[PDB]
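Asks: Here it is, the structure in full.
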Amino acid sequence: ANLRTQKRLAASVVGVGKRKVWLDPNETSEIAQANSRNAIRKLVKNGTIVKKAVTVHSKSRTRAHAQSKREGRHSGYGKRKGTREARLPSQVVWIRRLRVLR
Amino acid sequence: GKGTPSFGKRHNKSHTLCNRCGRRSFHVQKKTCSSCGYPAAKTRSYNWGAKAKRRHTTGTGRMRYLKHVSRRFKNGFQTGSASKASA
Amino acid sequence: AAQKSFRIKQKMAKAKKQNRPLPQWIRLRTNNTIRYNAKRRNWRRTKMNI
Amino acid sequence: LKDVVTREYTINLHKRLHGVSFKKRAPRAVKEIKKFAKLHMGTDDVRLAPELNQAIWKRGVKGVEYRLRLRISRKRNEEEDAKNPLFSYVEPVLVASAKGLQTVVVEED
RNA sequence: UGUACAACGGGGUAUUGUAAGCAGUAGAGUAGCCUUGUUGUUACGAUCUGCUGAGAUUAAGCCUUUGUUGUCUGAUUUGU
RNA sequence: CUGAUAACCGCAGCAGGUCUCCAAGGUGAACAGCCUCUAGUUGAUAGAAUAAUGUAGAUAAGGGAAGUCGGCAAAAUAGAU
RNA sequence: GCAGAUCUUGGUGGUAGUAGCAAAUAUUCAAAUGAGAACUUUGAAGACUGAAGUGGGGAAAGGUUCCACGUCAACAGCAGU
RNA sequence: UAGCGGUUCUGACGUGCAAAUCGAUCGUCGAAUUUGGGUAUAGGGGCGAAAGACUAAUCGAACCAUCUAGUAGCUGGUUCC
Numbered sequence: 002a003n004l005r006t007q008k009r010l011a012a013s014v015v016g017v018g019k020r021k022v023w024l025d026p027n028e029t030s031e032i033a034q035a036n037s038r039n040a041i042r043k044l045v046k047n048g049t050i051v052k053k054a055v056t057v058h059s060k061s062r063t064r065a066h067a068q069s070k071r072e073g074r075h076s077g078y079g080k081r082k083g084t085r086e087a088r089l090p091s092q093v094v095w096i097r098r099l100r101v102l103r
Numbered sequence: 002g003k004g005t006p007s008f009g010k011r012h013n014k015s016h017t018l019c020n021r022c023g024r025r026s027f028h029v030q031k032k033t034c035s036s037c038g039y040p041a042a043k044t045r046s047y048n049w050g051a052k053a054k055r056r057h058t059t060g061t062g063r064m065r066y067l068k069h070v071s072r073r074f075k076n077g078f079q080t081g082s083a084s085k086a087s088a
Numbered sequence: 002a003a004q005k006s007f008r009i010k011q012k013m014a015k016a017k018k019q020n021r022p023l024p025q026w027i028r029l030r031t032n033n034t035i036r037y038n039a040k041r042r043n044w045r046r047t048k049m050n051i
Numbered sequence: 004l005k006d007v008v009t010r011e012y013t014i015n016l017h018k019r020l021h022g023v024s025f026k027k028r029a030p031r032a033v034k035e036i037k038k039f040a041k042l043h044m045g046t047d048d049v050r051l052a053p054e055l056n057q058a059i060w061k062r063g064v065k066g067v068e069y070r071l072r073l074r075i076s077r078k079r080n081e082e083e084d085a086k087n088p089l090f091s092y093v094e095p096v097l098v099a100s101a102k103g104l105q106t107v108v109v110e111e112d
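Structure representation (structure tokens):
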């Protein structure tokens, strides 16, 4: 049929963006009968239109990479592209030292 | 540079709708119309521009008062009402 | 626009109500020769110059 | 006259997609499986199963596997029936090693 | 309807270069332990060795094949 | 309501032009460059072959500017200590 | 009175169904609508913009494009429901 | 970098995506910086870190209308036997 309006209202009702709404093709004509937000809120509850939950982005190799930098790795001369002032400046190393003495 | 991309920068108006001639010829900075000449006491009209007079002389609008002058001359400007004779 | 005068919005109202075809009954009229609506404006092809 | 016999296959897509541009190695793998089913089964309407469409596009446009274990079925047509009375229908079959398998006729029992 | 032809598979040839997985008083050290040693073990450990001249790919313009599965009379046109 | 490779201007649904606020993870000095999440798109005539000559990228043994008005175009160097 | 004024206005030609419709990495399968679906809609993929966005709003400018129903002769330089 | 500019390839395009764009390469990037909105300056007049440049695709001098059917020793045409 045509289900532009129903996908628009479904994303607007459930709260998630249009890239995450599910409109199953078995019930399609029934979804084409629902032309209001209140009817969408009844097609959401029974399970006809669901969330399509988030694509995972596991910051885990980030955690392994960080934990490996904690032990003293990834710090040779070739894993190092900014200068000795750009990474940790002279001024901050000094302000750390001289407040400590003070 | 002086052709189409400089045409891209053309988002304003010099002119807005004049109150006397309704034309979008009232200059915003100059505060004066350019087709009629509001807010002067006159309407600008020139014998060099014979078409512009023709576009705005008498007889092009409604004639909300002049239309009933010759007719009202035609009776000799009578006042009152007519009588009733028969039928 | 989106934050307008009232004079310009009044002219949008008049250019809205003029933006419709002939009524069908004018075509069938006695000695009618108005075949269509010739003063029709569209917002893409003819900007109204306010 | 029945000719409904379902057969499984390995199609060697490597010697079919050879030299094809990288933004056309998956869709031409599709247009090559339709020709393959025309060549074997003989009919001209072919329906790929969408699980096969997943099995072509696992590794993007240009990472088509070399050999796909197909199951080509041939069926009769209905519902204001088309220019052929029969069609083919190509499903994937899900195997560990698509290397080393011959062609095998599927029995329907 | 044929030592035909094709899709596969096998083999040769070729290219790269030793796969996945398992194991190992191999392993710089470092922790945790105990009879605290005269290889004292357990765990972490890029890598290394054995299986592995393996594994992958091999025709799209490589070679061969008795193995497996199939295909083999549609239209059109023509004469002194 | 759009606020722009279709809602403005450029004769048009024109790879141009026009003012700004928000703005995540990684590598990295970086609001660079590449990859991802929330969000948005998947629109830009398609199919088959893939020869001349092109446009855009590339690679060339030995020599090395001998080419040309001229090493112009390309290559090399390139970060950090 | 008319063959010609790079004559004026209107129409029609050959060229010629040719030049071409090639920037912005990209499409594919199934189902449904429908007379008819590379282009519509939904599901499954594959990707892209990569948060100085092809994301959320607004200033200017446009002016009813906003949203729904029905619809496809015209426009959408192919098609189209 | 963003921004602003526009140097070379005398590259692309050159009946173009564009009446001056595209792609690489490049100048500058914290101030004699860039930009919006308001306002001021108008044609032999403005404004000019000056190129006779810019003054709305026009500029050693704007555009519009009128005198104007300007003038022409110079081109072209000038209709039946």
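Protein chains in written order, with the entry's author numbering: chain T, 2 to 103; chain l, 2 to 88; chain n, 2 to 51; chain f, 4 to 112.
Beta carbons: idealized from backbone N, C-alpha and C, even for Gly.
(1) Could you give the distance in angstroms between the alpha-carbon of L18 (chain l) and the alpha-carbon of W44 (chain n)?
(2) Indicate whether the contact test is met: 3 or more Cβ pairs, each with one atom in the stretch 11-22 of chain f and one in the stretch 66-77 of chain f, closer than 8 Å.
(3) Below 8 Å, how does it come out for the stretch 51-66 of chain f and the stretch 93-100 of chain f: are there three or more Cβ pairs, yes or no?
(4) Can you pull out the residues from the stretch 9-21 of chain l whose beta carbon lies closer than 8 Å to at least one beta carbon of chain n?
(5) By Cβ distance, which residues of its chain are closer than 6 Å to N38 (chain n), with the 5 residues on each side in sequence left out?
(6) Counting only Cβ-Cβ distances shorter than 8 Å, please list the residues of the stretch 54-74 of chain l near chain n, keeping chain order.
(7) Give me the subset of the stretch 32-44 of chain n whose CB atoms are less than 9 Å from a CB atom of chain l, sorted by chain position.
(8) With distances taken from CA atoms, which of f:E82, f:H43, f:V64, f:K5 is nearest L20 (chain f)?
(9) Going by CA-CA distance only, name the one from T:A67, T:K60, T:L44 that's closest to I32 (chain T).
(10) Rounded to whole angstroms, what is the Cα-Cα separation between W23 (chain T) and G22 (chain f)?
(11) Would you say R25 (chain l) lies against chain n (beta-carbon separation less than 8 Å)?
(12) Check whether chain l comes within 8 Å of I27 (chain n), counting only Cβ atoms and requiring the distance to be less than that.
(13) DSSP three-state label for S71 (chain l), please.
(14) Please confirm whether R8 (chain n) has its beta-carbon closer than 8 Å to some beta-carbon of chain l.
(15) At a cut of 8 Å, does the stretch 2-20 of chain l reach the stretch 43-52 of chain l through at least three beta carbon pairs?
(16) Rounded to whole angstroms, what's the CA-CA distance from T6 (chain T) to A2 (chain n)? Just pull it up for me.
(17) Could you pull out every residue in the same chain whose Cβ sits closer than 6 Å to the Cβ of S91 (chain f), ignoring the five residues on either side in sequence?
(18) Where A87 (chain T) and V93 (chain T) are concerned, what is the direct C-alpha to C-alpha distance, given to the nearest angstrom?
(19) Anything in chain l within Cβ reach of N50 (chain n), meaning under 9 Å, just list it in chain order.
(20) CB-CB under 8 Å to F25 (chain f), same chain, minus the five flanking residues each way: which ones, in chain order?
(21) Report the three-state DSSP secondary structure of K19 (chain T) (helix, strand or coil).
(22) Quick check: the Cα distance between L4 (chain T) and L10 (chain T), rounded to an integer number of angstroms?
(23) Put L44 (chain T) into one of helix, strand or coil per three-state DSSP.
(24) Taking the alpha carbon of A58 (chain f) as the point to measure from, which residue in f:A85, f:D84, f:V93, f:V8 has its own alpha carbon closest?
(25) Return yes when the Cβ of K12 (chain n) is within less than 8 Å of the Cβ of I51 (chain n), no when it is not.
(26) Check each candidate in l:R72, l:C37, l:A42, l:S84 and name the one with the smallest Cα separation from residue 98 (chain l).
(27) Please report the distance separating the alpha-carbon of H28 (chain l) from that of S71 (chain l).
(28) Since I believe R41 (chain n) is in contact with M49 (chain n) (beta carbons under 8 Å), could you give me their beta-carbon distance rounded to a whole number of angstroms?
(29) Tell me which residue opens and which closes the beta strand (DSSP E) that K78 (chain f) is part of.
(30) Go to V101 (chain T), then tell me how far its beta strand (DSSP E) extends in each direction, as first and last residue.
Replies: With the given structure in hand:
(1) Start at 1 with the first residue of the second sequence, and residue 18 (chain l) comes out as number 17. Start at 1 with the first residue of the third sequence, and residue 44 (chain n) comes out as number 43. Computed Cα separation, rounded: 20 Å.
(2) yes
(3) yes
(4) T17, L18
(5) Translated into positions along the third sequence, residue 38 (chain n) becomes position 37. Taken in chain order, the residues that qualify are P22, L23.
(6) none
(7) none
(8) Looking up residue 20 (chain f) in the fourth sequence gives position 17. Looking at the Cα atoms, f:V64 is the closest of the given residues.
(9) Here residue 32 (chain T) is taken as the residue at index 31 of the first sequence, counted from 1. It is T:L44.
(10) Taking the first residue of the first sequence as position 1, residue 23 (chain T) is located at position 22. Taking the first residue of the fourth sequence as position 1, residue 22 (chain f) is located at position 19. Approximately 39 Å between the Cα atoms of the pair.
(11) For the purposes of this step, residue 25 (chain l) is taken as residue 24 along the second sequence, with counting starting at 1. Interface residue, yes.
(12) For the purposes of this step, residue 27 (chain n) is taken as the residue at position 26 of the third sequence. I27 (chain n) does not count as touching chain l.
(13) Translated into positions along the second sequence, residue 71 (chain l) becomes position 70. Note: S71 (chain l) maps to helix in three-state DSSP.
(14) Stepping through the third sequence from its first residue, residue 8 (chain n) is reached at position 7. Yes, contact with chain l.
(15) no
(16) If you number the first sequence from 1, residue 6 (chain T) lands on position 5. If you number the third sequence from 1, residue 2 (chain n) lands on position 1. Those two C-alpha atoms are separated by around 28 Å.
(17) For the purposes of this step, residue 91 (chain f) is taken as residue 88 along the fourth sequence, with counting starting at 1. Contacts found: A40, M44, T46, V49, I75, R77.
(18) Within the first sequence, residue 87 (chain T) is the residue found at index 86, counting from 1. Within the first sequence, residue 93 (chain T) is the residue found at index 92, counting from 1. Going by the C-alpha atoms only, they are around 11 Å apart.
(19) If you number the third sequence from 1, residue 50 (chain n) lands on position 49. What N50 (chain n) touches in chain l: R25.
(20) What you label residue 25 (chain f) is simply residue 22 of the fourth sequence in a count that begins at 1. Excluding residues within five positions, the ones whose Cβ falls inside 8 Å are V64, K65.
(21) Within the first sequence, numbered from 1, the residue matching residue 19 (chain T) stands at position 18. Coil.
(22) Mapped onto the first sequence, residue 4 (chain T) falls at position 3. Mapped onto the first sequence, residue 10 (chain T) falls at position 9. Distance between the alpha carbons of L4 (chain T) and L10 (chain T) is about 10 Å.
(23) One-based indexing of the first sequence puts residue 44 (chain T) at position 43. Three-state DSSP puts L44 (chain T) in a helix.
(24) What you label residue 58 (chain f) is simply residue 55 of the fourth sequence in a count that begins at 1. Per the Cα distances, f:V93.
(25) Here residue 51 (chain n) refers to the residue found at position 50 when the third sequence is read from its first residue. Here residue 12 (chain n) refers to the residue found at position 11 when the third sequence is read from its first residue. Yes; because the gap between Cβ atoms is below 8 Å, this pair is in contact.
(26) No answer is possible for residue 98 (chain l): the residues shown for chain l start at 2 and end at 88.
(27) Position 27 of the second sequence, counted from the first residue, corresponds to residue 28 (chain l). Position 70 of the second sequence, counted from the first residue, corresponds to residue 71 (chain l). Distance between the alpha carbons of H28 (chain l) and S71 (chain l) is about 39 Å.
(28) On the third sequence, residue 49 (chain n) is found 48 positions in, with the first residue counted as 1. On the third sequence, residue 41 (chain n) is found 40 positions in, with the first residue counted as 1. That pair is no contact at about 12 Å.
(29) Here residue 78 (chain f) is taken as the residue at index 75 of the fourth sequence, counted from 1. Element bounds for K78 (chain f): 70-79.
(30) Numbered from 1 along the first sequence, position 100 holds the residue referred to as residue 101 (chain T). Premise fails: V101 (chain T) lies in the alpha helix (DSSP H), 91-102, not in any beta strand (DSSP E).
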